[PDB]
Amino acid sequence: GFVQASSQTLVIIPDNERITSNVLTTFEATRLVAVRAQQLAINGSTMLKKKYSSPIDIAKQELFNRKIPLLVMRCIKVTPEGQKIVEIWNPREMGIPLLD
Amino acid sequence: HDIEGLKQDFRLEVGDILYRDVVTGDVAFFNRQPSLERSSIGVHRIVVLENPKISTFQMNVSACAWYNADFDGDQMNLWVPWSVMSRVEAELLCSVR
Amino acid sequence: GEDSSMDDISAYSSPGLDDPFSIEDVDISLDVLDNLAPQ
Amino acid sequence: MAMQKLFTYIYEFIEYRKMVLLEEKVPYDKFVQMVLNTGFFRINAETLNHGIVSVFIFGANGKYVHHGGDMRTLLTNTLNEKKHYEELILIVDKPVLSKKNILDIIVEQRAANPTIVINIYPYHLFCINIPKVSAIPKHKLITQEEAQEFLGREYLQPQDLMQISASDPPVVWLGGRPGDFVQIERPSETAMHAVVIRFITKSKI
Amino acid sequence: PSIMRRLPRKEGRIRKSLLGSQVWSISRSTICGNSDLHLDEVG
Ligand SMILES: [Mg+2]
């Protein structure tokens, strides 16, 4: 039979209708820093001003200084008509948890 | 390439991966079995013991409460994250604080 | 009736559901079992 | 002493469900006399939307619970009576719930009468004022429009909610039907109280 | 030996190979006390 599931269309909730929190979870901040540190290990191209000798410190400082070039997508629902309703959050405009 | 089989004209180039020794300040996961609570695996900062006659994992007695451990002959596992992603997760999520 | 050639062999080495003490659902190494010592 | 408790709390159950009694209430002595001789006691009530609800209390030694023919005859004649029936409650002793033949007559009368709700309940379900039991949180049926608004805000389907049987004693005293939603306000030792919404499913018997 | 005998028990496919793992880059030793180490440090 039709094993292949049909393609989905990405439905982005307008920014004034988002229901999830404006504060990053510790999981999300850790994921952002890990992903960005791996990207820097790939390229090394950053807009951070101060010099750091490791990708991890550059990633944390980019998150803390609100310069991280990543977006958080929170998948809210998969409609059985084909839509994938998600929320897009900008970590540069979000609260940052206690990463100590 | 191994470091003892390394060429005369060899040098580090941007994009190479250097596998270096574990130094003081590195993070490591510390585990005692059976792993019954979620503090049974915790991330500690490594202090390397330069004395060549020491084969034991050493820790503060107040850290034993995380692992239900004591010093009658318990053995514990230790692995050091080498991946960047796992190193970030170790110090931001799994640190014993 | 006196033959012994076809005697039951299991009738010599004989007098005539979970194991409560088995670590079956405990995923612990066998070289570490001293961590279970009562002390 | 199940008969004594029933004689009071069945009428408390009728009042809690917001119905008007149709006959004059008889005293308890002749209630037991009618249960022992006639084999059952019949209580009729009128709902706000003019539906008629009849409750049959069957004695534990009566013929209707031991012989399926008598039960089939009684249910056939009562459901053929020209009344605006909407709900029949057959209160039987607990062991009767394990008799396959009686339940077979029950489900066959259900099949022959698809628009009439037929339910058979044990004794203990009407031997208390169930809502006033301390261990029972506050149950309350909610409308389909409010439940739809709640589910729309939550991006949920009715099949994702926690579910509750229609034979649950608080739901029975509410009169909840499968497909309905019951909001339960319950005590919490973490937040001092909580609210959940459950989806009412089919009765077990 | 059979194909489905490999699956069931604690030494079987699912519990020994899938739900657990032999790994590289790991060390084990007897633990010892050291009062000069911080609580978040391991010697
Ligand atoms: Mg010990």
# chains A, B, ... in the order shown; residues from 1 in each chain; ligands from 1
>>> residues_near_ligand(ligand="ligand 1", cutoff="10 Å", atoms="only C-alpha atoms and all ligand atoms", output="CSV table (one decimal) with N, CA, C and O atoms, in the first residue's frame")
chain,number,residue,atom,x,y,z
B,68,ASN,N,25.1,6.8,46.5
B,68,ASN,CA,24.9,5.8,47.6
B,68,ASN,C,26.2,4.9,47.7
B,68,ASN,O,26.1,3.7,47.8
B,69,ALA,N,27.3,5.6,47.7
B,69,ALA,CA,28.6,4.9,47.6
B,69,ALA,C,29.3,5.0,49.0
B,69,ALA,O,29.0,5.9,49.8
B,70,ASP,N,30.3,4.1,49.2
B,70,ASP,CA,31.2,4.2,50.3
B,70,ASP,C,32.5,3.5,49.9
B,70,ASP,O,32.6,3.0,48.7
B,71,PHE,N,33.5,3.5,50.8
B,71,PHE,CA,34.8,3.1,50.4
B,71,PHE,C,35.2,1.8,51.0
B,71,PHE,O,36.3,1.6,51.5
B,72,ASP,N,34.3,0.8,51.0
B,72,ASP,CA,34.6,-0.6,51.3
B,72,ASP,C,35.0,-1.4,50.2
B,72,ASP,O,35.2,-2.7,50.4
B,73,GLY,N,35.2,-0.9,49.0
B,73,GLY,CA,35.5,-1.7,47.8
B,73,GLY,C,34.5,-1.5,46.7
B,73,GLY,O,34.5,-2.3,45.7
B,74,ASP,N,33.8,-0.3,46.7
B,74,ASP,CA,33.0,0.0,45.6
B,74,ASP,C,33.8,0.4,44.4
B,74,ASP,O,34.9,1.0,44.5
B,75,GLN,N,33.3,0.0,43.2
B,75,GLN,CA,33.9,0.4,41.9
B,75,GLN,C,33.0,1.3,41.2
B,75,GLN,O,31.7,1.1,41.2
C,33,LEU,N,29.8,-6.6,41.5
C,33,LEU,CA,28.8,-7.1,42.5
C,33,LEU,C,29.2,-6.8,43.9
C,33,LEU,O,28.4,-7.0,44.8
C,34,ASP,N,30.5,-6.4,44.2
C,34,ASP,CA,30.8,-6.0,45.5
C,34,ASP,C,30.2,-4.6,45.9
C,34,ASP,O,30.2,-4.2,47.1
C,35,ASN,N,29.6,-3.9,44.9
C,35,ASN,CA,28.8,-2.7,45.3
C,35,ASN,C,27.5,-3.1,46.0
C,35,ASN,O,26.9,-2.2,46.6
C,36,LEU,N,27.1,-4.3,46.0
C,36,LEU,CA,25.9,-4.8,46.7
C,36,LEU,C,26.2,-5.3,48.1
C,36,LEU,O,25.3,-5.8,48.7
C,37,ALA,N,27.5,-5.3,48.5
C,37,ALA,CA,27.9,-5.8,49.8
C,37,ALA,C,27.1,-5.0,50.9
C,37,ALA,O,27.1,-3.8,50.8
C,38,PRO,N,26.6,-5.7,51.9
C,38,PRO,CA,25.9,-5.0,53.0
C,38,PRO,C,26.7,-4.0,53.8
C,38,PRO,O,26.2,-2.9,54.2
C,39,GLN,N,28.0,-4.3,54.0
C,39,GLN,CA,28.8,-3.5,54.9
C,39,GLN,C,28.2,-3.2,56.2
C,39,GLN,O,28.8,-3.3,57.3
E,31,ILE,N,36.9,3.2,44.2
E,31,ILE,CA,36.8,4.5,44.6
E,31,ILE,C,37.4,4.7,46.0
E,31,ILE,O,37.5,3.7,46.8
>>> residues_around(residues="residue 29 in chain A", least_positions_apart="4", cutoff="10 Å", atoms="only C-alpha atoms", output="MDAnalysis selection string")
(chainID A and resid 23:25 33:35 60 63 72 91 95:99) or (chainID B and resid 89 92:93)
>>> residues_around(residues="residue 41 in chain D", least_positions_apart="2", cutoff="7 Å", atoms="only C-alpha atoms", output="ChimeraX atom specification")
/D:34-35,43,56-58
>>> residues_around(residues="residue 34 in chain B", least_positions_apart="4", cutoff="8 Å", atoms="only C-alpha atoms", output="ChimeraX atom specification")
/C:26-28
